[PDB]
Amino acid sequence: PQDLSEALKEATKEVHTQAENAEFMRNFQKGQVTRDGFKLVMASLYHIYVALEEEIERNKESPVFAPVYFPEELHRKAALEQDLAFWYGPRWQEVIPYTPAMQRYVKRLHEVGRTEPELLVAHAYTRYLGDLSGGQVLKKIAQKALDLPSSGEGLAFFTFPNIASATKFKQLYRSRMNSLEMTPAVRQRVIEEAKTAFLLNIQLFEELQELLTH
C-alpha cells in the first residue's frame, strides 16, 4: 500500500517465498537440521548483526534513520555472543567460520551505512521485524531437532527481552518507519534494498548448503 511498512511487506512477498524455498532453509523447516548447520547460521547471524548494529550506531542521529533507532528493544550482538560461547566454547571468536557469503552480506551492510544511509532502514526492517516474527518458529524447530543440553543457553538470540509485546512493538516500529521522510526515488531504492537483503540471505543459505554437504 501507501505506507512504507506495507509497501515493503508486499514487494518482498515474492523473495520471501524464495527464502522459504531455499533447500537449506526448506530442509530446516522439515525438521532435518544438523548441529553443525545450526552453528553455521548462528555464526552467520553474529557477523551480520555486528555489521548492522555498527552502522546503526553510526547513523543513530541521522534523520534518515533516527526514528527507527531502538537500541535497547532490539540489539542482538550481546545475545549472539552468549549463544556462540555455548555453541563454540569459550574460544568461539577464534573458531567461528566467516565465509564468502557472510563476507558479502557484511560488505553491503557497510556500504549502506557509510554511503547510502537512506537505505539502512531496509536492512534493519528485513532483519529485526523478520527475526521478531520468524524467531519463535526456528527456535521451536531447533529446540527439539537438536536435543541440546539443559545448560540453559544457546538460544538467547530468539528472545528479545526488552519487548513485552511483539505485536505492539511492530506496530510502533512500522509507525516510525512510516514517519520517515523520503522522496519517491529514495523510497523505491529502499524497497529494492529490502529485496537485495533477501537475496543476500538466499545466497548465504545456498552457500551453507553446499558446505554442509561434502
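Just so we're on the same page, rigid core means the largest C-alpha set that superposes within 1.5 Å between forms. All residue numbers are counted from 1 along the displayed sequence.
Superposing each structure in 5 other deposited structures of this protein on the rigid core shows that the farther-lying of 115-123 and 133-141, by root-mean-square Cα distance, is 133-141.
Per-stretch RMS Cα distance to the displayed form in 5 other deposited structures of this protein, following rigid core alignment, is highest for 23-31 when 23-31 and 60-68 are compared.
For the segment pair 145-153 and 172-180, the entry gives 145-153 the higher mean B-factor, averaged over Cα atoms. Remark: stretch with higher mean C-alpha B factor among 29-37 and 57-65 is 29-37. Residues shown: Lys140, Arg114, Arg127, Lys77. Highest C-alpha temperature factor in the entry: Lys140. In the deposited entry, the Cα temperature factor of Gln136 places it in the highest third of its chain's modelled residues.
When all modelled residues of the chain are sorted by CA temperature factor, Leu200 is found within the lowest third.
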